[PDB]
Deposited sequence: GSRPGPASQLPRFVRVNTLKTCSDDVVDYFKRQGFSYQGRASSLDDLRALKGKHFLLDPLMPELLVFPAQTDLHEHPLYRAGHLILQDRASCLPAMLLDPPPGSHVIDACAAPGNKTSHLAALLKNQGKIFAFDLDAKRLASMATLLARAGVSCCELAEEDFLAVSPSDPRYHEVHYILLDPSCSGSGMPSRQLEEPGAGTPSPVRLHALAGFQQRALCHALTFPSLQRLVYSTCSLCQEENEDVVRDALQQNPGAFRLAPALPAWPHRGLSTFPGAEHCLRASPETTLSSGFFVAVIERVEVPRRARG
């Protein structure tokens, strides 16, 4: 199956320290991968850094770290390779205000917090109590202190609420396919259009783990047609070769992902910026 991807949580440690710990357990550090073939070749107790994703270590498919001392300590966060894209691309600076619109169980929220260096605010929302409970555990384990978490419908969050007036960055990572399809795409469109109405918004990242154009390029296309000229697609990570389907002008600025092409979950990401 796929290699195991583990994000070094910079809130609590650094890559040098994690590497040294694993070395002392008899793992052999291979540096940074030159290519995906390097990751595909991973075996035994070799490990390396992802060829593109900062702070992302990669281990052979048959290694479990859920019980590792560094997992307990919140030094490692087990996060699919493509799941690391949205916060990295959003790139909010320390001190900024961010909304994580569909946040639980908090993997991307924890990544945002690391990028913020726990400075600023992440207003996170979700409706699922069980996933919210998992999120509380993850956030605390990872040492996140900048998140205000609410059990709320994102569509009920008012863009004119004074609490969100300095929000410049939004991460929108809504539920997606699995043939529940038209309803899912409906929520995705509603949520994206809603997010784009936030008064001070500068950059938004939209992501799914779907392969379906209806949930991906079509949603972005339709949202951009809401207020033509207000927002544009930004040209995301050129070194990532799997792009959005060429279904509208600029769509190739989005990213796609799959086990076979990118050693990750099926995934889609669009970087949307204010004009």
No C-alpha positions exist for deposited residues 1-8, 187-204, 302-309
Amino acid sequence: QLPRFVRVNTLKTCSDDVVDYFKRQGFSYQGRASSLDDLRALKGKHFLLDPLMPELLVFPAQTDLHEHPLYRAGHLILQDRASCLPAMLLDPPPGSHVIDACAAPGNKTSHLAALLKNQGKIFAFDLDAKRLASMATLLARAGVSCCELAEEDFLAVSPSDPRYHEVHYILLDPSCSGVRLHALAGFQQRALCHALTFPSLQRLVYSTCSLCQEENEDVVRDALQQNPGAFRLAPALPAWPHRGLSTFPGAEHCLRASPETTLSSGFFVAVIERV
From here on, numbers count along this sequence of modelled residues.
Quick one: higher average CA temperature factor, 139-147 or 152-160? 152-160
On average, are the C-alpha B-factors higher in 93-101 or in 181-189? 181-189
Reading the B-factor column for Cα atoms of 165, 81, 75, 121, the highest value belongs to 165
So among 42, 219, 49, 209, who wins on Cα B-factor in the entry? 42
Where does residue 25 sit by CA temperature factor within its chain: lowest, middle or highest third? highest
Determine, from the deposited record, the chain-internal third of the Cα B-factor for residue 61: lowest, middle or highest. highest
Split into thirds by Cα B-factor across the chain's modelled residues, where does residue 86 land: lowest, middle or highest? lowest
For residue 237, the third of its chain by CA B-factor is the middle
Modelled-residue ranking by C-alpha temperature factor, third containing residue 200: highest
